[PDB]
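Residue numbers (PDB author numbering), protein chains in the order written: chain f, 1 to 242, 258 to 273, 278 to 400, 403 to 489, 526 to 566, 578 to 604; chain V, 4 to 36, 38 to 82, 86 to 180, 187 to 332, 338 to 388, 408 to 432, 438 to 455, 458 to 471, 478 to 490, 496 to 506.
Where is the CB? At the ideal position from N, CA and C, for every residue including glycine.
Here's the structure we're looking at; comments come further down.
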Amino acid sequence: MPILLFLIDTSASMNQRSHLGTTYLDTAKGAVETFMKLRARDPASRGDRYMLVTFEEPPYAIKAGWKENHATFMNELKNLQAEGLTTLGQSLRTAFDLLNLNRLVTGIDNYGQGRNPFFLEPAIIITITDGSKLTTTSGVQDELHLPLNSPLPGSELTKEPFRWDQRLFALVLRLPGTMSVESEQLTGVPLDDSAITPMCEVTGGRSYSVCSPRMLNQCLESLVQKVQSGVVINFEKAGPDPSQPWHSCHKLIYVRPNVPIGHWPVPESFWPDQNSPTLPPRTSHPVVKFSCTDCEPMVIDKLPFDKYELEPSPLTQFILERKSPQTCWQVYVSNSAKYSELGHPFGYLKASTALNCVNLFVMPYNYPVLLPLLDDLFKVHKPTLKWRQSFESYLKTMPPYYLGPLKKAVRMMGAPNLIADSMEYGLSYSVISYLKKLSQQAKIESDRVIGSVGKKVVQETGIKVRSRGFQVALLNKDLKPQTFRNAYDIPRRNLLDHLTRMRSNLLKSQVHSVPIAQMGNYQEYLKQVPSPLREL
Amino acid sequence: XXXXXXXXXXXXXXXXXXXXXXXXXXXXXXXXXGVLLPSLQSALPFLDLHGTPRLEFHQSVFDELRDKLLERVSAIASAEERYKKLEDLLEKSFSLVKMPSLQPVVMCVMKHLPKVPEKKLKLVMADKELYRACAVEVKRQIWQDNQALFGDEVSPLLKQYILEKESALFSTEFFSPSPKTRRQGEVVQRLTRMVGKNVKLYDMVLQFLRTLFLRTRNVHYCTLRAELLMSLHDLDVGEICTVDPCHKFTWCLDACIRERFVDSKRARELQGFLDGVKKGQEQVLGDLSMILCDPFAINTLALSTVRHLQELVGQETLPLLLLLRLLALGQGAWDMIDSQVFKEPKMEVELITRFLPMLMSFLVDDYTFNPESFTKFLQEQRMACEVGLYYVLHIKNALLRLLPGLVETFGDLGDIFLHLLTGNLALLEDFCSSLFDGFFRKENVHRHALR
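As structure tokens, this is what we get:
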């Protein structure tokens, strides 16, 4: 089930009137409710988690996180106040930490054991902001820099705050003070030009620059269309053409569940060795490189293979323009082989037979040398030692993390007691110990942060009278005047009326300030009320 | 799809229940299909009252009547009456070849003493077409019938040769020291694939393997013959060992040489066996092939020759143990190059004495401290003694003096890779060894792995 985390700008520049007469924060809140209405139109959103992060201090920044119901999310979305600074980088860091703190305790990341596209927790961050400058109480910044000062344990394993299955979308509000007459506003929404745009584009998302309520509704419909379950894969051109924009793209592949099922991982960017104590940091988007030279899709019977449909992109448009579903484009990550820096093809990009979509087929690590070999044994053979010395030659090049999936695949294929069923060494004992300790600390800040989102942050202010430690109290919002219990709370202007009311209350001879949402409780008031009789 | 009487009855029932109404016909067919003593009809409504499974009952009775008394079938298979009963059971079960015949094939395999070739040819054809589970009896019939077992043994011989080549390429830190007990691998499965108490088929397979390893094969073959002989000796194969008159004796001698490599009694036994041997055509050419094809036996003989040379240098009696080692080296040098009678042209006395004096002088120099002409004569001379000289040189001032001789012999003269690896593993001298290795695809890989 998806996670919808809203990074609402609560900087004071959000108190800007539009031609609508409401502030940018009011437009932000209304954009969130309209997004949730359009999302609830989709009946697949019966299970959907909404999270709220503001620009405030990290004790107060996360307003709704994990284990917060719909009512708390709405009651805290309504009560937002734009009284802060434009601390976009710190807020983005806190939002990514709120997305990623559970990853090491539940092991979605699968560090050092291959990148599993079916191991995903699909989340998108919709930040609603304006084009104002970023401020950090010392000046303007004019460039977005996420701080790395208090790293979550295990943050160095990915080298980027965002993850595989996270996309940052910016809804930049640029509603002017006076309404602008425009007939070209029905066209496509332009990309914004603020500092949030490159950070949105590097995570596989995009920034929306609205200038009118109808443009806002168009962007919200587009954002509803982009709530998918998948992981972002960086595609690159390896060889020459068979720079044009299809050369590089941080596109999205689709992971459709049935819980998702899958067998083969996207290979790591390194060769695993037990000598290295520290696991190498991998990019959050696996840089795959497709071969532009045409090849042939190689599928045998009963074969566990995973097919991932790419989202529409310039790469898929380029592939479908060269209309040839009978061929395929081999893809591989660099520096994955033990010796060759180029690597072996772990899969191919094949257009659909209907010329509709481009599917990424992930395979075992070197499928053009395993599928003919394994197909040869399952066509002819009881393995022969002439085959087994060739199979050992393949296993000498296969990365160690593929051994488990290969064992499971040949077990469900019909050859349980194959060589792949013999032993599994895996990673280095330092790496397993480090990952287990990281899981324990991830649990520690997991129960630290979740306990601190609500009822753990109360703010009280003072005037702090200067000398040229005394302070002057303020009119507190939760004053709660106990006027019937404390005589100091009674104003002089109504001292006599309150006095005779207290006298009437104590002798034998506030209320009706219910907070609006509960004053019209149709079901709640009749439930406490007794039931009447029924009809004849 | 088993035919026979049951298949015919099924076909008849299918023909009868081919439309045309007849609702009572189906009931009659179901009732006619209940084995004997019709109390099964009495047991029928006890099982009909809760969703009647008939397939469960039929599979249960089939499974129990097969599995519970297949032990009884084996017990009656385990002489004349039991053989006749097994033959009758095989004749009854031959009609169920298309039927599932796990138990029907095991019943024939248990009483497989009588071959019955009239049905045995059809059984062998069906086993070749359908990949039957008759392992021992099927292998014995294939070996006795034609060269299908010959092809199976030729494939295992090629696999063993490939394994030996890969082991030679995959170098490691003493020419893979392993006796006949610890080397039980790649031939124990082939030995179990043999007929067991089948002297003719096993002898034919061994002769074919020896001919393939000699005429069109390397020296890697003909050691599998010694391996299978040792496995049969340890496996208690009395008939195969007793078939060869001197084969068991020379296999015991080879096992004693592999176990120790230094024994005067074993040398005396080998000399006595070679003295009263038969003609070179039978039991002489085979003995020469067994001596030549043994690589581990050749290494043990080289180590024994080095030890005998050291003992002769200590005694100072250069000019019978050294003669016995020379005769063994001449016998095991090669005999599969040309097919002919048993001949032993060897024992160059002058060259052997010249080679031994160089090693004696090297040992005397090494003892006193704590050349090129001898190396040139060894390179331009019999390489059988050259291998032993290189092995002795591989394993203070005497070593430094002999290092130039080893470098000269390295630049003078297939089998040198194993000797060089043994010398590098057994062994200031590292620079000289690296210079000798760099002065020359398996050898380059071994030199790269060593340094």
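Cross-chain neighbours of residue i in chain f, by beta carbon under 9 Å
i                : result
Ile169 (chain V) : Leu406, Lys407 and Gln410
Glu173 (chain V) : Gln410
Span of the alpha helix (DSSP H) around residue i
i                     : result
residue 612 (chain f) : No answer is possible for residue 612 (chain f): the residues shown for chain f start at 1 and end at 604.
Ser162 (chain V)      : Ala155 to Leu176
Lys477 (chain f)      : Careful: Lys477 (chain f) lies outside any alpha helix (DSSP H) and carries neither H nor E.
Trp264 (chain V)      : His260 to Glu272
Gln166 (chain f)      : Here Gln166 (chain f) belongs to no alpha helix (DSSP H); instead the beta strand (DSSP E) covers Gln166 to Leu173.
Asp325 (chain f)      : Looking at the DSSP string, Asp325 (chain f) is not in any alpha helix (DSSP H); the run it does join, the beta strand (DSSP E), is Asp325 to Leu329.
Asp71 (chain V)       : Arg58 to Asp71
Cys311 (chain f)      : Note, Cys311 (chain f): premise wrong, no alpha helix (DSSP H); beta strand (DSSP E) at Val306 to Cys314.
residue 511 (chain f) : For residue 511 (chain f), no position is available: the coordinates of chain f end at 489 and pick up again at 526.
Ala31 (chain f)       : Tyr24 to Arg41
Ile547 (chain f)      : Premise fails: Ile547 (chain f) is in no alpha helix (DSSP H) and is neither H nor E.
Contacts of residue i in chain f (Cβ-Cβ under 8 Å)
i                : result
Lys166 (chain V) : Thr405, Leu406 and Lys407
For residue j and residue i, the rounded distance between their alpha carbons
i                     : j                : result
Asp109 (chain f)      : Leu120 (chain f) : 8 Å
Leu464 (chain V)      : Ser414 (chain f) : 27 Å
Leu170 (chain V)      : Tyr269 (chain f) : 47 Å
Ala530 (chain f)      : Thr482 (chain f) : 8 Å
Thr194 (chain V)      : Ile253 (chain V) : 19 Å
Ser484 (chain V)      : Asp249 (chain V) : 48 Å
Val479 (chain f)      : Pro538 (chain f) : 19 Å
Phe380 (chain f)      : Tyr367 (chain f) : 6 Å
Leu445 (chain V)      : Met376 (chain V) : 13 Å
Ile233 (chain f)      : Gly114 (chain f) : 14 Å
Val256 (chain V)      : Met243 (chain V) : 14 Å
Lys357 (chain f)      : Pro420 (chain f) : 8 Å
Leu505 (chain V)      : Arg230 (chain V) : 30 Å
residue 618 (chain f) : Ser288 (chain f) : Because chain f is modelled from 1 through 604, residue 618 (chain f) falls outside the range shown and cannot be assessed.
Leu329 (chain f)      : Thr178 (chain f) : 42 Å
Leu331 (chain V)      : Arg320 (chain V) : 14 Å
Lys37 (chain f)       : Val224 (chain f) : 10 Å
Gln228 (chain f)      : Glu68 (chain f)  : 22 Å
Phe50 (chain V)       : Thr56 (chain V)  : 9 Å
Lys78 (chain f)       : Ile3 (chain f)   : 20 Å
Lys369 (chain f)      : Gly38 (chain V)  : 60 Å
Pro583 (chain f)      : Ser332 (chain f) : 49 Å
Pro258 (chain V)      : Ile355 (chain V) : 25 Å
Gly89 (chain f)       : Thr136 (chain f) : 10 Å
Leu563 (chain f)      : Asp535 (chain f) : 26 Å
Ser207 (chain f)      : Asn116 (chain f) : 28 Å
Contacts that residue i makes with chain f (C-beta to C-beta distance below 7 Å)
i                : result
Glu295 (chain V) : Result: empty, since nearest Cβ-Cβ is about 34 Å, beyond 7 Å.
Span of the beta strand (DSSP E), counted from its first residue to its last, around residue i
i                : result
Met51 (chain f)  : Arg49 to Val53
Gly198 (chain V) : Where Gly198 (chain V) is concerned, there is no enclosing beta strand (DSSP E), given that its DSSP letter is neither H nor E.
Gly230 (chain f) : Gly230 to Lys237
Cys141 (chain V) : No beta strand (DSSP E) contains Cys141 (chain V), which DSSP labels as neither H nor E.
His246 (chain V) : Element bounds for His246 (chain V): not the beta strand (DSSP E) but the alpha helix (DSSP H), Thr236 to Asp247.
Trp348 (chain f) : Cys347 to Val352
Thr127 (chain f) : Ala123 to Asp130
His265 (chain f) : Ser263 to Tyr269
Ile3 (chain f)   : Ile3 to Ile8
Between the segment 197–208 of chain V and the segment 427–444 of chain f, do three or more beta carbon pairs fall short of 8 Å? no
At least 3 beta-carbon pairs within less than 8 Å: the segment 79–99 of chain f vs the segment 226–242 of chain f: no
Contact between the segment 317–333 of chain f and the segment 379–396 of chain f: three or more CB pairs below 8 Å? yes
Between the segment 22–39 of chain f and the segment 55–63 of chain f, do at least 3 Cβ pairs fall closer than 8 Å? no
At a cut of 8 Å, does the segment 264–272 of chain V reach the segment 221–234 of chain V through at least three beta carbon pairs? no
May I ask you to verify whether the segment 156–167 of chain f touches the segment 298–311 of chain f, counting CB pairs closer than 8 Å and requiring at least 3? yes
Is it a yes or a no for the segment 341–360 of chain V touching the segment 286–293 of chain V, going by three-plus beta-carbon pairs under 8 Å? yes
Would you say the segment 305–322 of chain V touches the segment 271–283 of chain V, given that touching needs at least three Cβ pairs under 8 Å? yes
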